[PDB]
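Undergrad: Below: one structure in structure tokens.
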Amino acid sequence: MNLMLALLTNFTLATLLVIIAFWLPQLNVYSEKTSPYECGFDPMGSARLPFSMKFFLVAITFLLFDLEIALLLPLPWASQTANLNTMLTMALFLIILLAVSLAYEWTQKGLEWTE
Amino acid sequence: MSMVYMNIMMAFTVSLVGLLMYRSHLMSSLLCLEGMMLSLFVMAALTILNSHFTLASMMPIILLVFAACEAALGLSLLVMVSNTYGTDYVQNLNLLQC
Amino acid sequence: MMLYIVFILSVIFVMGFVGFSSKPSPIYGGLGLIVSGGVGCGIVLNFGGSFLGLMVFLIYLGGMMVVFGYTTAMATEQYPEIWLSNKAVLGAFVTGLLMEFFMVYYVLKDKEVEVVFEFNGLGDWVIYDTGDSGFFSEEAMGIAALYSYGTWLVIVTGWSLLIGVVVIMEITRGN
Amino acid sequence: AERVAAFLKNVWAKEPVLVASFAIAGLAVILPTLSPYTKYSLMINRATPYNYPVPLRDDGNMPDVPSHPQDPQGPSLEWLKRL
Amino acid sequence: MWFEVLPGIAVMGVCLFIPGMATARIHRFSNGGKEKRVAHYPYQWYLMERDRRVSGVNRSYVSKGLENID
Amino acid sequence: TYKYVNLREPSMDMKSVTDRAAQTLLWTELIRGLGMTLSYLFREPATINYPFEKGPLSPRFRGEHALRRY
Amino acid sequence: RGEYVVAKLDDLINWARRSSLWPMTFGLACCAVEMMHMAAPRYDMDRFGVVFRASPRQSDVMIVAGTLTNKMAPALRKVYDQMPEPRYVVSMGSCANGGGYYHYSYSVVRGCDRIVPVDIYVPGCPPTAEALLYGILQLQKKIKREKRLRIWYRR
Amino acid sequence: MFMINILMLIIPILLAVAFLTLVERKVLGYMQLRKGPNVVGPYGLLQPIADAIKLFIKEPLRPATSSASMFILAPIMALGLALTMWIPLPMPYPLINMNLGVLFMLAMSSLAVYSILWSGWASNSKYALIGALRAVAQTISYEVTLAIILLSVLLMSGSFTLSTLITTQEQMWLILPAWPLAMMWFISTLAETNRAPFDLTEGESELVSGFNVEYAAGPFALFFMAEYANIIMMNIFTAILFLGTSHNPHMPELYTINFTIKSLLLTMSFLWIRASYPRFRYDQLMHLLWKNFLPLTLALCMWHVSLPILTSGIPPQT
Ligand SMILES: COC1=C(OC)C(=O)C(C/C=C(\C)CC/C=C(/C)CC/C=C(/C)CC/C=C(/C)CC/C=C(/C)CC/C=C(/C)CC/C=C(/C)CC/C=C(/C)CC/C=C(\C)CCC=C(C)C)=C(C)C1=O
Ligand SMILES: CCCCCCCCCCCCCCCCCC(=O)OC[C@H](COP(=O)(O)OCCN)OC(=O)CCCCCCCCCCCCCCCCC
Ligand SMILES: CCCCCCCCCCCCCCCCCC(=O)OC[C@H](COP(=O)(O)OCCN)OC(=O)CCCCCCCCCCCCCCCCC
Ligand code: SF4
């Protein structure tokens with residue numbers, strides 16, 4: 001109940017501030033005022049055109065490494081077990097394989113952005 | 001089988017029907033695969049958490065690990081499709097005839 | 001009523017699915033999957049798993065952030081489609097909500113519905129356990145057993161993630 | 001021993017971050033197998049009573065099981081109070 | 001001079017002090033002058049819901065000592 | 001006559017390599033940049049209190065025009 | 001009384017606007033160098049509340065510091081148009097006032113006031129950093145005497 | 001009395017953010033041999049009040065090419081989520097006492113990124129788009145390092161509860177046993193808050209204003225308020241993580257005063273840094289955290305898993 005009421009208050013305050021912003025001030029809207037900004041000259045093309053990602057390979061690798069935090073975050077609880085020898089072995093094995101993945105991509109020029 | 005299982009199982013069916021009806025974008029279909037994994041994760045987590053199946057509590061995590069591998073794999077193929085045709089449209093993937 | 005919070009969250013969970021299942025621009029489809037991930041975290045979190053709910057939300061927040069970058073690079077057009085700009089998208093969106101309405105309407109009226117399986121509309125709270133645990137979180141103790149019990153799971157997942165990096169470089173090499 | 005020292009100096013001059021990384025990781029793998037205190041970590045975890053110690057029905061032939069908590073029999077945590 | 005920057009830090013510091021102080025004092029007021037009971041695990045929640053019943057006024061922060069046994 | 005601005009060969013003795021290793025790992029030359037801006041924080045600013053104070057000028061200053069009389 | 005209240009509200013918004021002037025980061029020619037020295041430590045325009053911001057959509061003041069040519073004139077009008085109101089223009093220097101040294105050129109606009117409205121004209125070639133600061137404080141006094149709400153109250 | 005507690009949190013936060021803008025302009029001023037705001041009010045104490053009123057009585061414009069629903073959703077999401085990251089912070093008593101508070105802040109910090117991506121995309125402007133995709137690169141850069149740095153520290157605390165970090169540092173700050181981790185954590189909060197030298201999503205001198213180039217009036221203020229509420233929060237987090245304060249249950253105010261001073265000093269260091277260094281190229285930020293911090297963080301993560309085991313110093317679960 002408390003958490004939900006705390007969230008409602010934060011996003012209600014955020015919403016009411018936006019509402020005041022649009023209804024309190026005096027507005028004078030015309031075409032040139034709302035045109036897209038490109039430093040003074042009309043944009044040459046649409047902003048919705050394709051935008052090449054030079055770090056696409058590193059972005060895919062982020063998906064795989066971002067799943068290691070899910071597997072690594074239980075470690076504080078894992079250290080409470082009575083099977084410490086097994087737990088410590090698999091904790092280090094899992095982190096090491098995460099490191100070998102980094103080493104492979106680094107050495108194979110995978111972290112270098114495409115020209 | 002509480003009323004929550006209805007919506008979760010309906011979410012899976014919606015994402016399955018969404019995956020089997022392509023519009024144009026390969027990326028739009030990839031989202032439906034990630035949507036289906038989300039439904040299975042929620043449905044499995046609910047059953048395991050409700051039955052106090054302690055050791056099964058790691059299964060949903062192992063389900064997300066291999067959902068990322070597939071999602072990353074699907075994105076890698078989407079890069080190569082885009083590099084060959086300039087779009088991710090599925091109608092270009094028709095050089096091979098049945 | 002707050003007794004139906006889990007059911008109310010599961011309705012939003014479906015509505016988010018109809019958001020990206022109707023397949024508008026992946027920008028808006030990605031937003032729909034974030035809403036479902038957020039409420040899906042809420043639903044799981046109300047059954048006693050806080051780590052699982054927060055984790056799936058955390059993973060899908062980073063998952064759709066990469067998808068967002070890939071949408072501006074490879075899945076974009078001049079007029080990105082919204083749930084109203086296209087009859088096919090709008091048709092599938094309205095259809096999804098109507099089926100959700102009828103299922104929600106019938107389950108809350110009859111307290112039952114029969115579609116493949118038989119569902120009960122008394123409320124999700126009737127199946128909870130009446131006993132307390134000890135001084136620990138059962139979900140946390142099960143997840144922490146991956147390293148003491150799940151030796152075989154750690155190896156296969158660890159190897160899969162390693163090969164996953166090798167594979168994506170091979171697929172995208174182009175030569 | 002001369003050519004190997006050249007390799008270490010070369011990496012220490014060009015990748016000091018990596019030299020520290022591998023050195024730190026090497027200690028993580030080696031020291032636990034050598035530390036005499038590693039066995040106590042296992043014992044402390046086993047000595048933490050999460051569950052209830054369900055009593056054993058006394059059949060009259062369990063001399064090593066205490067009848068009362070403050071009896072001499074049973075495991076002792078004297079080592080922990082000094083560790 | 002530089003110490004003319006201090007008045008802006010003092011106002012900022014007073015603003016950062018209020019949230020912590022207000023929560024500490026509001027908890028005391030809502031729990032009979034005690035810290036709010038922390039219940040991170042079911043055992044602690046089980047004891048808090050037992051305190052409500054024992055109090056006889058449906059409040060978990062109303063303690064009952066030896067005066068309530070006879 | 002000319003001079004080189006960036007033609008220097010770093011030392012390779014173990015004490016010089018370790019000094020550069022400490023600089024890389026402990027951010028010594030970045031901490032030194034912090035120390036220079038900290039010094040300015042404790043100097044008197046060069047701002048004048050306009051319009052109550054005016055920037056210095058000279059008799060040759062070329063301002064607004066005027067027609068003079070005998 | 002209603003006239004008293006609108007008078008005080010007018011004094012409040014007028015105060016807020018003149019105390020938080022945000023010039024657009026916009027300079028054309030030599031006059032922009034003298035505008036840099038007004039941001040330099042000696043004059044420190046930031047202490048009056050005057051802060052440069054690059055986006056025209058977050059600016060309250062345009063300082064036309066330099067020569068305006070026919071090629072640049074459409075750009076100036078565009079960035080002026082993209083300024084949310086209320087917006088004030090300060091014309092700095094002979095070139096921006098009436099063409100200055102280049103009044104009779106085929107490629108120069110004879111005054112920025114042919115392209116945008118101007119609130120304050122700062123003379124000089126260039127005006128000293130202290131002369132531009134006089135124009136900014138003269139603009140603030142102009143805003144202090146606005147009667148937006150009082151004029152509304154008796155419409 | 002809970003609603004009063006919420007208001008006694010967000011309202012003081014919005015006041016501290018307002019006067020942090022004053023404090024930054026005066027600290028930047030004196031490190032630049034000038035004064036900063038000293039006219040509007042005595043010593044500039046009314047400058048934040050003048051700026052707030054000016055922005056909220058100015059005209060907001062929706063660009064003709066914008067996607068209105070997302071264009072207006074983004075500023076609401078930014079400020080709504082910047083205030084939500086304060087509710088689990090123990091000062092010394094949290095408003096919301098969470099068993100997984102560290103996880104909660106991670107999850108909210110990843111969701112607050114979309115207030116940048118949707119803001120920049122919805123504006124339908126090239127500079128807003130270039131700014132938005134710099135937030136994708138930035139998040140890819142620090143997210144993995146940030147999470148594993150937290151994990152290494154939590155292996156000495158034993159829990160994800162923020163209030164437990166108070167008990168962990170009852171004898172000594174964690175800056176001593178984890179100074180290498182504190183260095184990387186501090187840099188990762190600079191990247192995570194889009195602060196100089198990692199202010200790339202805005203990048204004034206490159207992208208004019210970056211992801212919020214098209215925002216005006218109140219909607220812009222919400223992004224600015226969210227930005228400055230995050231840096232205070234990320235420094236309160238740092239003070240709790242590495243500069244623990246003693247908690248006397250009979251003098252909960254002494255904790256607040258001492259804890260508030262450290263947070264102010266860490267926040268001042270953000271302004272100190274913004275005055276001293278140039279800006280990274282956003283591809284150089286990716287290589288900083290993947291080729292230097294990640295190799296070290298992985299090594300230190302292994303070290304802190306093993307060090308408690310080999311010394312018999314594993315922290316309690318509860
Ligand atoms: C020589 O050759 C030439 C060039 O080459 C250099 C040129 O370039 C040009 C072209 C010239 C130009 C475009 C103009 C050049 C002029 C200059 C002055 C640039 C010179 C150099 C500078 C360093 C000037 C200023 C720039 C910087 C980076 C100084 C840093 C100090 C600052 C104060 C900037 C901003 C800093 C901070 C800390 C933030 C302040 C910002 C705000 C917007 C104020 C606060 C914000 C708010 C949103 C309000 C707060 C409160 C809120 C929101 C409400 C909260 C409370 C509630 C209750 C809600 C020409 C012609 C040229 O010939
Ligand atoms: C004395 C200080 C003790 C306290 C320091 C504590 C901090 C340790 C971390 C910093 C590294 C210093 C310790 C390494 C030994 C240093 C002393 C030494 O090397 O002997 C001095 C001797 C003189 O050097 P010189 O002959 O002039 O030229 C080098 C030719 N090989 O050099 C030699 O010729 C001997 C051979 C040099 C090459 C050996 C390999 C050195 C590089 C390996 C990496 C060292 C860092 C590893 C730890 C990383 C984590 C910090
Ligand atoms: C028991 C379980 C624990 C053991 C786990 C087994 C796995 C260990 C490895 C896990 C980490 C994965 C990375 C390992 C490979 C190291 C990175 C690499 O591949 O380097 C290749 C390197 C490429 O660089 P290049 O372009 O050729 O330019 C430099 C040329 N000199 O080309 C090179 O020149 C590299 C030269 C060889 C580098 C050797 C590195 C050895 C690393 C392990 C040392 C650990 C022990 C050190 C610490 C001692 C204890 C203090
Ligand atoms: S008015 Fe003078 S200083 Fe200014 S741009 Fe023209 S010639 Fe240069």
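We label chains A, B, ... in the order they appear in the structure tokens, count residues from 1 in each chain, and number ligands from 1 in the order shown.
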Return as a PDB file with N, CA and C atoms, in the first residue's frame every polymer residue, whether protein, DNA or RNA, with at least one atom no more than 9 Å from an atom of ligand 4; count only C-alpha atoms and all ligand atoms.
TA:
ATOM      1  N   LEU G  28      27.735  36.348 -34.389  1.00  0.00           N
ATOM      2  CA  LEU G  28      28.005  36.373 -35.821  1.00  0.00           C
ATOM      3  C   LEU G  28      29.404  36.841 -36.188  1.00  0.00           C
ATOM      4  N   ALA G  29      29.932  37.868 -35.536  1.00  0.00           N
ATOM      5  CA  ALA G  29      31.150  38.526 -36.002  1.00  0.00           C
ATOM      6  C   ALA G  29      31.896  39.079 -34.791  1.00  0.00           C
ATOM      7  N   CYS G  30      32.780  40.052 -35.030  1.00  0.00           N
ATOM      8  CA  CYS G  30      33.625  40.582 -33.966  1.00  0.00           C
ATOM      9  C   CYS G  30      32.834  40.924 -32.710  1.00  0.00           C
ATOM     10  N   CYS G  31      31.594  41.396 -32.857  1.00  0.00           N
ATOM     11  CA  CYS G  31      30.814  41.788 -31.688  1.00  0.00           C
ATOM     12  C   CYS G  31      30.599  40.631 -30.726  1.00  0.00           C
ATOM     13  N   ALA G  32      30.719  39.390 -31.194  1.00  0.00           N
ATOM     14  CA  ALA G  32      30.563  38.253 -30.299  1.00  0.00           C
ATOM     15  C   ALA G  32      31.770  38.090 -29.387  1.00  0.00           C
ATOM     16  N   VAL G  33      32.938  38.578 -29.807  1.00  0.00           N
ATOM     17  CA  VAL G  33      34.102  38.562 -28.928  1.00  0.00           C
ATOM     18  C   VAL G  33      33.854  39.444 -27.712  1.00  0.00           C
ATOM     19  N   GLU G  34      33.307  40.640 -27.928  1.00  0.00           N
ATOM     20  CA  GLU G  34      32.964  41.502 -26.803  1.00  0.00           C
ATOM     21  C   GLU G  34      31.848  40.904 -25.961  1.00  0.00           C
ATOM     22  N   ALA G  65      24.746  39.758 -32.322  1.00  0.00           N
ATOM     23  CA  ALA G  65      26.086  40.301 -32.128  1.00  0.00           C
ATOM     24  C   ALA G  65      26.908  40.038 -33.383  1.00  0.00           C
ATOM     25  N   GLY G  66      26.886  40.986 -34.302  1.00  0.00           N
ATOM     26  CA  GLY G  66      27.722  40.942 -35.475  1.00  0.00           C
ATOM     27  C   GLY G  66      26.960  41.378 -36.701  1.00  0.00           C
ATOM     28  N   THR G  67      27.558  41.122 -37.859  1.00  0.00           N
ATOM     29  CA  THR G  67      26.945  41.475 -39.127  1.00  0.00           C
ATOM     30  C   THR G  67      25.937  40.421 -39.554  1.00  0.00           C
ATOM     31  N   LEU G  68      24.805  40.880 -40.075  1.00  0.00           N
ATOM     32  CA  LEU G  68      23.781  40.007 -40.629  1.00  0.00           C
ATOM     33  C   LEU G  68      23.810  40.140 -42.143  1.00  0.00           C
ATOM     34  N   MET G  92      23.212  44.360 -31.131  1.00  0.00           N
ATOM     35  CA  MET G  92      24.519  44.766 -30.631  1.00  0.00           C
ATOM     36  C   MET G  92      25.407  45.162 -31.799  1.00  0.00           C
ATOM     37  N   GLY G  93      25.860  46.407 -31.802  1.00  0.00           N
ATOM     38  CA  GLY G  93      26.874  46.851 -32.732  1.00  0.00           C
ATOM     39  C   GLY G  93      26.290  47.527 -33.960  1.00  0.00           C
ATOM     40  N   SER G  94      27.147  48.289 -34.643  1.00  0.00           N
ATOM     41  CA  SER G  94      26.702  49.049 -35.806  1.00  0.00           C
ATOM     42  C   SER G  94      26.173  48.136 -36.903  1.00  0.00           C
ATOM     43  N   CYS G  95      26.841  47.007 -37.146  1.00  0.00           N
ATOM     44  CA  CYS G  95      26.397  46.105 -38.204  1.00  0.00           C
ATOM     45  C   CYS G  95      24.974  45.627 -37.952  1.00  0.00           C
ATOM     46  N   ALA G  96      24.698  45.163 -36.736  1.00  0.00           N
ATOM     47  CA  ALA G  96      23.374  44.652 -36.416  1.00  0.00           C
ATOM     48  C   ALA G  96      22.348  45.761 -36.248  1.00  0.00           C
ATOM     49  N   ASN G  97      22.788  47.002 -36.064  1.00  0.00           N
ATOM     50  CA  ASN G  97      21.852  48.106 -35.892  1.00  0.00           C
ATOM     51  C   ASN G  97      21.381  48.640 -37.239  1.00  0.00           C
ATOM     52  N   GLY G  99      23.725  48.236 -40.393  1.00  0.00           N
ATOM     53  CA  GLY G  99      24.681  47.846 -41.397  1.00  0.00           C
ATOM     54  C   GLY G  99      26.101  48.273 -41.091  1.00  0.00           C
ATOM     55  N   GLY G 100      26.272  49.353 -40.340  1.00  0.00           N
ATOM     56  CA  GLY G 100      27.597  49.738 -39.889  1.00  0.00           C
ATOM     57  C   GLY G 100      28.547  49.975 -41.042  1.00  0.00           C
ATOM     58  N   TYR G 101      29.756  49.435 -40.903  1.00  0.00           N
ATOM     59  CA  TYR G 101      30.804  49.639 -41.893  1.00  0.00           C
ATOM     60  C   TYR G 101      30.422  49.098 -43.260  1.00  0.00           C
ATOM     61  N   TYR G 102      29.441  48.204 -43.323  1.00  0.00           N
ATOM     62  CA  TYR G 102      29.063  47.513 -44.547  1.00  0.00           C
ATOM     63  C   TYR G 102      27.635  47.849 -44.950  1.00  0.00           C
ATOM     64  N   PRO G 123      24.813  50.648 -29.142  1.00  0.00           N
ATOM     65  CA  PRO G 123      25.727  51.226 -30.129  1.00  0.00           C
ATOM     66  C   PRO G 123      27.185  50.916 -29.828  1.00  0.00           C
ATOM     67  N   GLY G 124      28.011  51.099 -30.848  1.00  0.00           N
ATOM     68  CA  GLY G 124      29.431  50.818 -30.772  1.00  0.00           C
ATOM     69  C   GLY G 124      29.871  49.870 -31.869  1.00  0.00           C
ATOM     70  N   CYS G 125      31.193  49.766 -32.009  1.00  0.00           N
ATOM     71  CA  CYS G 125      31.803  48.947 -33.056  1.00  0.00           C
ATOM     72  C   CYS G 125      33.163  48.448 -32.588  1.00  0.00           C
ATOM     73  N   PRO G 126      33.187  47.462 -31.686  1.00  0.00           N
ATOM     74  CA  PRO G 126      32.072  46.863 -30.955  1.00  0.00           C
ATOM     75  C   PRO G 126      31.736  47.661 -29.711  1.00  0.00           C
ATOM     76  N   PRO G 127      30.527  47.552 -29.171  1.00  0.00           N
ATOM     77  CA  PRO G 127      30.303  48.072 -27.823  1.00  0.00           C
ATOM     78  C   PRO G 127      31.208  47.341 -26.847  1.00  0.00           C
TER      79      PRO G 127
END
Undergrad: Tell me which protein, DNA and RNA residues are within 8 Å of residue 60 of chain H, counting only C-alpha atoms, leaving out same-chain ones fewer than 6 positions away, and put them as a PyMOL selection string.
TA: (chain A and resi 21-22+25+27) or (chain G and resi 84) or (chain H and resi 215-219)
Undergrad: Based on the selection just made, write N, CA, C and O atoms of those residues as a tab-separated table (two decimals), in the first residue's frame.
TA:
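Contents of the output file selection-v9.tsv:
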chain	number	residue	atom	x	y	z
A	21	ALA	N	2.21	23.58	-16.91
A	21	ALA	CA	3.11	24.15	-17.90
A	21	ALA	C	2.37	24.50	-19.18
A	21	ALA	O	2.69	25.50	-19.84
A	22	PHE	N	1.38	23.70	-19.56
A	22	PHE	CA	0.68	23.89	-20.83
A	22	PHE	C	-0.54	24.80	-20.72
A	22	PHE	O	-1.00	25.30	-21.75
A	25	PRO	N	0.72	29.34	-19.16
A	25	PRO	CA	1.37	30.38	-19.98
A	25	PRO	C	0.49	30.87	-21.12
A	25	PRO	O	-0.48	30.22	-21.53
A	27	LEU	N	0.13	31.45	-24.99
A	27	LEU	CA	0.64	30.75	-26.15
A	27	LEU	C	0.38	31.55	-27.42
A	27	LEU	O	-0.66	32.19	-27.56
G	84	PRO	N	10.36	30.27	-27.75
G	84	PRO	CA	9.06	30.42	-27.08
G	84	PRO	C	8.94	31.79	-26.45
G	84	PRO	O	9.92	32.37	-25.97
H	215	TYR	N	12.80	20.82	-26.24
H	215	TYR	CA	11.95	21.03	-25.08
H	215	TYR	C	12.08	22.46	-24.56
H	215	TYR	O	13.18	23.02	-24.52
H	216	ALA	N	10.95	23.02	-24.15
H	216	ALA	CA	10.88	24.40	-23.70
H	216	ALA	C	10.00	24.50	-22.47
H	216	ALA	O	9.12	23.66	-22.25
H	217	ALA	N	10.25	25.53	-21.67
H	217	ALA	CA	9.34	25.93	-20.59
H	217	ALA	C	9.30	24.82	-19.54
H	217	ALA	O	10.35	24.25	-19.21
H	218	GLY	N	8.13	24.49	-19.00
H	218	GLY	CA	8.01	23.55	-17.91
H	218	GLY	C	8.53	22.17	-18.24
H	218	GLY	O	9.26	21.56	-17.45
H	219	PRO	N	8.16	21.63	-19.40
H	219	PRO	CA	8.66	20.29	-19.76
H	219	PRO	C	10.17	20.19	-19.70
H	219	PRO	O	10.70	19.16	-19.27
Undergrad: Go through the chains and note each residue within 6 Å of ligand 1, using only C-alpha atoms and all ligand atoms, then give the set as a list in words.
TA: residues 25, 26, 27, 28, 29, 30, 32, 33, 35, 36, 39, 51 and 52 of chain G; 14, 15, 18, 21, 24, 25, 48, 51, 52, 221, 224 and 225 of chain H
Undergrad: Do you know which residues are within 6 Å of ligand 3 using only C-alpha atoms and all ligand atoms? Can you write them as a list in words?
TA: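 Listed by chain and ascending number, the contacts are residues 96, 99, 100, 103 and 107 of chain A; 22, 23, 26 and 27 of chain D.
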Undergrad: Can you tell me which residues sit at most 8 Å away from ligand 2, counting only C-alpha atoms and all ligand atoms, written as an MDAnalysis selection string?
TA: (chainID D and resid 5:12 16 19:21 23:24) or (chainID F and resid 12:15 18)
Undergrad: Store the residues picked out above in a file with N, CA, C and O atoms, as an mmCIF file, in the first residue's frame.
TA:
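As written to disk, part_14.cif reads:
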data_model
loop_
_atom_site.group_PDB
_atom_site.id
_atom_site.type_symbol
_atom_site.label_atom_id
_atom_site.label_comp_id
_atom_site.auth_asym_id
_atom_site.auth_seq_id
_atom_site.Cartn_x
_atom_site.Cartn_y
_atom_site.Cartn_z
ATOM 1 N N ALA D 5 61.186 -12.243 -17.439
ATOM 2 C CA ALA D 5 61.153 -10.929 -16.809
ATOM 3 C C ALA D 5 60.936 -9.829 -17.838
ATOM 4 O O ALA D 5 60.352 -8.787 -17.518
ATOM 5 N N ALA D 6 61.402 -10.034 -19.071
ATOM 6 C CA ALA D 6 61.134 -9.067 -20.129
ATOM 7 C C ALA D 6 59.644 -8.991 -20.435
ATOM 8 O O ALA D 6 59.102 -7.901 -20.653
ATOM 9 N N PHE D 7 58.966 -10.139 -20.461
ATOM 10 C CA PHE D 7 57.534 -10.147 -20.738
ATOM 11 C C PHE D 7 56.763 -9.399 -19.657
ATOM 12 O O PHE D 7 55.881 -8.587 -19.957
ATOM 13 N N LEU D 8 57.090 -9.654 -18.388
ATOM 14 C CA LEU D 8 56.380 -8.997 -17.295
ATOM 15 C C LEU D 8 56.576 -7.488 -17.334
ATOM 16 O O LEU D 8 55.623 -6.726 -17.134
ATOM 17 N N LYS D 9 57.804 -7.035 -17.583
ATOM 18 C CA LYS D 9 58.059 -5.602 -17.651
ATOM 19 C C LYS D 9 57.326 -4.972 -18.826
ATOM 20 O O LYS D 9 56.807 -3.856 -18.719
ATOM 21 N N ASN D 10 57.281 -5.672 -19.959
ATOM 22 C CA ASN D 10 56.614 -5.135 -21.140
ATOM 23 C C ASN D 10 55.123 -4.935 -20.889
ATOM 24 O O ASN D 10 54.557 -3.896 -21.247
ATOM 25 N N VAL D 11 54.466 -5.921 -20.278
ATOM 26 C CA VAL D 11 53.038 -5.792 -20.001
ATOM 27 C C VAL D 11 52.798 -4.764 -18.904
ATOM 28 O O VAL D 11 51.840 -3.987 -18.963
ATOM 29 N N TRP D 12 53.661 -4.742 -17.887
ATOM 30 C CA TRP D 12 53.539 -3.751 -16.824
ATOM 31 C C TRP D 12 53.718 -2.333 -17.346
ATOM 32 O O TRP D 12 53.282 -1.383 -16.689
ATOM 33 N N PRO D 16 49.005 -1.938 -17.605
ATOM 34 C CA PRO D 16 49.011 -2.073 -16.141
ATOM 35 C C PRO D 16 47.665 -2.465 -15.564
ATOM 36 O O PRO D 16 47.619 -3.101 -14.505
ATOM 37 N N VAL D 19 47.544 -6.292 -15.932
ATOM 38 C CA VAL D 19 48.463 -6.936 -14.999
ATOM 39 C C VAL D 19 47.835 -7.019 -13.616
ATOM 40 O O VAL D 19 47.920 -8.049 -12.939
ATOM 41 N N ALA D 20 47.198 -5.935 -13.171
ATOM 42 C CA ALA D 20 46.513 -5.956 -11.885
ATOM 43 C C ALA D 20 45.317 -6.896 -11.903
ATOM 44 O O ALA D 20 45.020 -7.536 -10.889
ATOM 45 N N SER D 21 44.620 -6.993 -13.034
ATOM 46 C CA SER D 21 43.456 -7.868 -13.110
ATOM 47 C C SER D 21 43.853 -9.329 -12.948
ATOM 48 O O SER D 21 43.278 -10.052 -12.128
ATOM 49 N N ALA D 23 46.670 -10.567 -11.755
ATOM 50 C CA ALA D 23 47.263 -10.791 -10.443
ATOM 51 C C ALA D 23 46.191 -10.932 -9.372
ATOM 52 O O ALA D 23 46.276 -11.812 -8.508
ATOM 53 N N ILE D 24 45.173 -10.072 -9.410
ATOM 54 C CA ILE D 24 44.087 -10.155 -8.437
ATOM 55 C C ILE D 24 43.338 -11.472 -8.592
ATOM 56 O O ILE D 24 43.046 -12.160 -7.609
ATOM 57 N N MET F 12 62.695 3.653 -19.420
ATOM 58 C CA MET F 12 62.222 2.276 -19.349
ATOM 59 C C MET F 12 62.774 1.520 -18.149
ATOM 60 O O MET F 12 62.661 0.291 -18.108
ATOM 61 N N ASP F 13 63.369 2.203 -17.178
ATOM 62 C CA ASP F 13 63.787 1.518 -15.967
ATOM 63 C C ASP F 13 62.568 1.176 -15.115
ATOM 64 O O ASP F 13 61.510 1.802 -15.213
ATOM 65 N N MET F 14 62.729 0.161 -14.266
ATOM 66 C CA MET F 14 61.582 -0.375 -13.543
ATOM 67 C C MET F 14 60.934 0.673 -12.651
ATOM 68 O O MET F 14 59.725 0.609 -12.402
ATOM 69 N N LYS F 15 61.706 1.641 -12.156
ATOM 70 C CA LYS F 15 61.119 2.672 -11.308
ATOM 71 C C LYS F 15 60.293 3.661 -12.118
ATOM 72 O O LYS F 15 59.292 4.184 -11.617
ATOM 73 N N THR F 18 56.998 1.780 -13.150
ATOM 74 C CA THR F 18 56.076 1.725 -12.022
ATOM 75 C C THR F 18 55.454 3.090 -11.752
ATOM 76 O O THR F 18 54.276 3.178 -11.387
#
Undergrad: Counting only C-alpha atoms, what is within 10 Å of residue 43 of chain F, bar same-chain residues fewer than 2 positions away, as JSON, numbers by chain?
TA: {"E": [1, 2], "F": [38, 39, 40, 41, 45, 46], "H": [30, 31, 32, 33, 34]}
Undergrad: Mind pulling up the distance from atom CA of residue 49 of chain E to atom CA of residue 67 of chain E?
TA: 20.5 Å
Undergrad: Write out as a list in words each polymer residue whose atoms come within 10 Å of residue 45 of chain G, counting only C-alpha atoms; drop sequence neighbours fewer than 2 positions from it.
TA: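 In the requested form, the answer reads residues 47 of chain F; 35, 36, 37, 38, 39, 40, 41, 42, 43, 47, 48, 49, 50, 51, 52, 129, 133 and 136 of chain G; 34, 35, 36 and 37 of chain H.
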Undergrad: How close does each residue of chain C get to chain E, giving the shortest atom pair and distance in Å to one decimal for every residue with an atom at most 7 Å away, counting only C-alpha atoms, sorted by chain and residue number, as a tab-separated table?
TA:
residue	atom	partner	partner_atom	distance
C:132	CA	E:42	CA	5.6
C:133	CA	E:42	CA	5.6
C:134	CA	E:43	CA	5.4
C:135	CA	E:41	CA	5.6
C:136	CA	E:41	CA	6.1
C:137	CA	E:41	CA	6.8
Undergrad: Using Å and a single decimal, report how far atom CA of residue 61 of chain B sits from atom CA of residue 315 of chain H.
TA: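 Atom CA of residue 61 of chain B lies at a distance of 24.8 Å from atom CA of residue 315 of chain H.
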Undergrad: I need the chain D residues near chain C as a ChimeraX atom specification; criterion: at most 12 Å, counting only C-alpha atoms.
TA: /D:48-52
